[PDB]
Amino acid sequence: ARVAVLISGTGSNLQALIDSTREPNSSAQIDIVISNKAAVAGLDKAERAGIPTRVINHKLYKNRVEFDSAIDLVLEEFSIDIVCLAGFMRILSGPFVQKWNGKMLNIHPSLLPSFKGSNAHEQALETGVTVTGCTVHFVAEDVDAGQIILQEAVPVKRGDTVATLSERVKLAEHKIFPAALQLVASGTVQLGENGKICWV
């Protein structure tokens, strides 16, 4: 499978994906990295790996559908099979999500369905859980609500900040996100017709 990775920042997940797709017997190759923001570290990581990049600035579009169509155009250019959202911070419109249904994965830093949203760590700490984690899911229109592929539990330490917890969870992210990409790329895991996850 030919893979795009969309990012908005650092790109530590991008890196784990790159390294994993270059292990032998990988069912995936990363062919393009798209950022909605210029001068983010993820872009340099992609270029250092020999992978082409684009910056599609979301602020230069009147609405989400137009921004999403610009992404889609690039995805076709590189005939992409699967899209991974790796720190991508833009909510995608209905038609884009529908088009990529069963073919687009996201990494979220909580054990869904707890702590949906971009500030999951802040929520985990506020709530006072001793166990949080991360989730790879198919992307549905409803944010952080698509079908769960893999999850990994991560302890919260008394006195954790958002920074310390975030770093501990990213270590788990870097395990399950490549694993889940291989599962979907190999056809081992699919979004079944009934809208439910299916393992072959």
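Just so we're on the same page, rigid core means the largest C-alpha set that superposes within 1.5 Å between forms. Note that residue numbering follows the sequence shown and begins at 1.
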**Stretch with larger C-alpha RMS deviation in 9 other deposited structures of this protein, core superposed, 9-17 versus 176-184** = 9-17
**Asked** Do you reckon 116-124 or 76-84 strays further from the shown form in 9 other deposited structures of this protein, measuring C-alpha RMS after a core fit?
**Response** 116-124
**Request:** Mind pulling up the entry and telling me whether 153-161 or 66-74 has the higher mean Cα temperature factor?
**Result:** 66-74
**Request:** Determine, for stretches 127-135 and 36-44, which one has the higher mean CA B-factor as deposited.
**Result:** 36-44
**Prompt:** What's the residue among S79, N119, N106, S110 with the greatest CA temperature factor in the PDB record?
**Reply:** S79
**Request:** Give the position of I197 by CA B-factor within its chain, expressed as the lowest, middle or highest third.
**Result:** highest
**Request:** State the tercile, meaning the lowest, middle or highest third, of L60 with respect to the CA B-factors recorded for its chain.
**Result:** highest
**Request:** Rank-wise, by C-alpha B-factor, drop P178 into the lowest, middle or highest third of its chain.
**Result:** lowest
